[PDB]
């Protein structure tokens, strides 16, 4: 029901805060890490798609090591967000899978992100590989154009569980206020019908910001905040995020 990554217990208490580190070079990654020591979050997501030398394994490994040397007490989530799903760069399926396998091999990351629509066989294999190294998997899906029907959102989260995700995650784009409620409904329905582990959901953009602030009642276990710049539309500053989460938790 819960997922423990280094003493952090996800799926219990107030929603956990994830922030994304985005750096093009190892120098930028180190500088950003140093700046992120001055923020209050629970999980550090390294957005590897922002890293220019992603196709050079040694460079990626060096950067992950550098982050770990600076940010020593926060779980590290390795995420290459594909351009197909709103990220900064496209890779072939093989390159993407091999990149995540290399992250797992490094022993420097606590979690990897795998995109649900990468391919079932590849996802299953990579989940197994991660698990044999005690690395957790956040499985992800995005719709940057619309909000699918609640039932479709629920079935995608359910499939993520079937594929072995430790934490299913979905982000959708509202076109109307009603779409924000559709995302919250899907979160509630997934919780009561299928979830046997934590899930993360969000409705993007300013229109959907309430979904990033109210996950405790509806069933989203974590939420993203912005340190200096948002890594997806709709994130608010991390200190304000903790403030709201705490107020709601004690309400």
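Residue numbers count along the first chain shown, from 1. Think of the rigid core as the biggest set of C-alphas that the two forms share within 1.5 Å after superposition.
K.L.:
So if we fit everything on the core, which stretch drifts more in 5 other deposited structures of this protein, 134 to 142 or 88 to 96, C-alphas only?
P.N.:
Stretch with the larger root mean square C-alpha distance in 5 other deposited structures of this protein: 88 to 96.
K.L.:
Which wins on mean Cα temperature factor, 92 to 100 or 67 to 75?
P.N.:
So the stretch with the higher mean C-alpha B-factor is 67 to 75.
K.L.:
Comparing 54 to 62 with 23 to 31, which has the greater mean CA B-factor as deposited?
P.N.:
It is 54 to 62.
K.L.:
For the listed residues 110, 166, 122, 113, which one has the largest C-alpha B-factor as given in the deposited model?
P.N.:
It is 122.
K.L.:
Report the third (lowest, middle or highest) to which the CA temperature factor of residue 162 belongs, ranking only the modelled residues of the same chain.
P.N.:
Highest third.
K.L.:
Please say which third, lowest, middle or highest, residue 214 falls into when its CA temperature factor is compared across its chain.
P.N.:
Answer is highest: the recorded C-alpha B-factor places it there.
K.L.:
Place residue 201 in the lowest, middle or highest third of its chain's C-alpha B-factors, as listed in the PDB entry.
P.N.:
Tercile = lowest for this residue's CA B-factor.
K.L.:
Taking the entry's C-alpha B-factors for this chain, is residue 44 in the lowest, middle or highest third?
P.N.:
According to the entry, residue 44 has a C-alpha B-factor in the chain's lowest third.
K.L.:
Going by the CA temperature factor in the PDB record, which third of the chain does residue 36 belong to: lowest, middle or highest?
P.N.:
Residue 36: CA B-factor falls in the middle third of its chain.
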